[PDB]
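Analysis of the macromolecular model
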Amino acid sequence: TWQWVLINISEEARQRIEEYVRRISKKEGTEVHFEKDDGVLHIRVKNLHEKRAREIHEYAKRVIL
Amino acid sequence: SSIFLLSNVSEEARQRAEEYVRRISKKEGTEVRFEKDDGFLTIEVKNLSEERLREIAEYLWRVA
């Protein structure tokens, strides 16, 4: 289980990250839970491998930048 | 595992963010990793309670 807490990110970056995680969760057969507050985006992915987590984290920094 | 990602934070704010999480992980006995990548600060904690996770999220949001 991997949880991301993205702080004060763009609305377009949040959209690209959510869609990227949903595609990864669909192909891996797991489900992802999103939570949104003002400036804080929660992403909780059950049963995620370690290489997938690093990939999601690198893509997050790519689109948030 | 929980991953806190901050963007364009000052080194002043980076020290406060890291110091806050360290004593939390020091009290719970959990692994914590701090990684800097240009204007990004990654705070990765393992097996941290959601009660503590919301605390860190509220502090980092007030810091950022």
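Notes on the structure follow.

Basis of the calculations
Residues numbered from 1 in each chain as written, not as in the entry; some residues may be left out. Chains lettered and ligands numbered in written order. Heavy atoms only, no water. Residues with missing side-chain atoms left out of burial classes, pairs and counts. Helix = DSSP H or I, 4+ residues; strand = E, 2+ residues; numbered from the N terminus. Contact = heavy atoms within 4.5 Å. Buried area = accessible area lost by both parts, 1.4 Å probe. Salt bridge = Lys/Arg side-chain N within 4 Å of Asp/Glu carboxyl O. Nonpolar A, V, L, I, M, F, W, Y, C, P; charged D, E, K, R; others polar. Pairing = 2+ DSSP bridges. Core = buried A, V, L, I, M, F, W, Y, C linked by side-chain atoms within 4.5 Å. Buried < 20%, exposed > 50% of the residue type's maximum accessible area, 1.4 Å probe, protein only.

1. Quick look at unusual backbone geometry
Look at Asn8 of chain A: it is not a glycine, yet its phi comes out positive at around 55°. Among the secondary structure elements, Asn8 of chain A is positioned in the loop between strand 1 (2–7) and helix 1 (11–28). Even without being a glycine, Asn47 of chain B presents a positive backbone phi close to 55°. Assignment of secondary structure puts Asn47 of chain B in the loop between strand 3 (40–45) and helix 2 (50–63).

2. A word on the interface of chain B and chain A
In this complex, chain B contributes 19 residues to the contact, which on the side of chain A involves 19 residues. Interface of chain B and chain A: buried area, both sides summed, is about 1800 Å²; carbon and sulfur atoms make up 57% of it. When residues of chain B are sorted by the area they lose upon contact with chain A, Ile3, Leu5 and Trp61 of chain B head the list and together hold 36% of the total. Note that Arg54 of chain B is salt-bridged to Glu35 of chain A, the shortest N-O span being 3.2 Å. Mapped by element, the contributors of at least two residues to the side of chain B that touches chain A are strand 1 (2–7), strand 2 (32–37), strand 3 and helix 2 of chain B. Considering every element that reaches the side of chain B that touches chain A, the biggest residue donor is strand 1 of chain B, with six residues. Classifying every residue of the side of chain B that touches chain A gives ten nonpolar, four polar and five charged. Examined bridge by bridge, strand 1 of chain A and strand 1 of chain B share four bridges and lie parallel to one another. Each bridged residue has a counterpart across the sheet, and for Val5 of chain A the counterpart in strand 1 of chain B is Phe4 of chain B.

3. Notes on the nonpolar core
Looking at soluble globular proteins, one finds that nonpolar side chains tend to be buried together. Core analysis: the biggest nonpolar cluster contains 23 residues, and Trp4, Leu6, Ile17, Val21, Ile43, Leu48 and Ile64 of chain A have the highest contact counts within it. For this core, the elements supplying multiple residues, two or more each, are strand 1, helix 1, strand 2 (32–37), strand 3 (40–45) and helix 2 (50–64) of chain A together with strand 1 of chain B. Not counting residues up to four positions away in its chain, the partners in contact with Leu48 of chain A are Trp2, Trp4, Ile24, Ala53 and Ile56 of chain A. Judged by nonpolar contacts, the second largest core, of 20 residues, contains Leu6, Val45, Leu53 and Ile56 of chain B.

4. Let's talk about the pattern of salt bridges
All told, the structure shown has 14 salt bridges over all chains when counted by the stated rule. A salt bridge links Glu28 of chain A to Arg52 of chain A, with the nearest nitrogen and oxygen atoms 3.1 Å apart. One end of the pair, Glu28 of chain A, is in helix 1; the other, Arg52 of chain A, is in helix 2, and 24 residues separate them in sequence. Among the ionic pairs, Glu28 of chain B bridges to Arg52 of chain B, the shortest N-O distance being 3.3 Å. One end of the pair, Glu28 of chain B, is in helix 1 (residues 11–28); the other, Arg52 of chain B, is in helix 2, with 24 residues separating them in the sequence. Exposure remark for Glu28 of chain B: the relative accessible area of 39% places this residue in the partly exposed category. Several salt bridges converge on common partners, so that one network encompasses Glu28, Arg52 and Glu55 of chain A.

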